[PDB]
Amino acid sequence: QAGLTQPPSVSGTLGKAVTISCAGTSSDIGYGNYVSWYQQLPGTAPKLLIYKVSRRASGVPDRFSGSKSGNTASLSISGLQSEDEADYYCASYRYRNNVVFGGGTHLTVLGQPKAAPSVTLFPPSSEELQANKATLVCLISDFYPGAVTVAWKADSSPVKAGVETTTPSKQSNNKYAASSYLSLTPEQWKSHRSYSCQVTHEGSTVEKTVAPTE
């Protein structure tokens, strides 16, 4: 059964406009005025933006508008803001199936100022070392765009083993955060001169280093 089909990714420019399409069938979008649009940030409940195809929800400004033509609905967003960089879902009643949803669209808001990551590196705690384990914790904050690559070094040489890195997640200030963890034996930690976390963001690397001799 064809489902509510949305583009997985769309981009719009800060201060400008963008449209998000949602293709359905004559059983759902083309059946009545039961189209809703939701905004969502990962880890939180969706928030209603539009209902009844074109009506705005509570506190939703008029720059958010909805329409439909045949079996396809569209969400239009003008005066794009940093807050608008998020996920959007269309929904409709479908004959005998209650509410059906689109797969979602991630909206990127281009033209925002570049923000370099702020990096904090923690060495293994004395408590973890007593438990015969060692974890280096590299915390990455306040970066924009929301994409980084993390490399690790044991002294001057690259180390790929025991590296675990999260995807970026949007913060309250509309910038991004991520973390990287390097697992070592307490023996490896003490045998090397130092360990470094190197974070690359938009072609620029920021590096933090910790020594067991600190």
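Note that residue numbering begins at 1 and tracks the sequence as displayed.
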query: Mean C-alpha temperature factor, higher of 157-165 and 52-60; finding: 157-165
query: Between the two ranges 147-155 and 174-182, the one averaging a larger CA B factor in the entry; finding: 147-155
query: Identity of residue with top Cα B-factor, from 140, 77, 86, 129; finding: 129
query: Residue 211 CA temperature factor, ranked by third within the chain; finding: highest
query: Entry-reported Cα temperature factor of residue 9, expressed as the chain third it lands in; finding: lowest
query: Third assignment of residue 42 from its chain's C-alpha B-factors; finding: highest
query: Third of the chain's Cα B-factor distribution that residue 105 belongs to, per the entry; finding: lowest
query: Within-chain third of residue 116 by Cα B-factor, per the entry; finding: middle
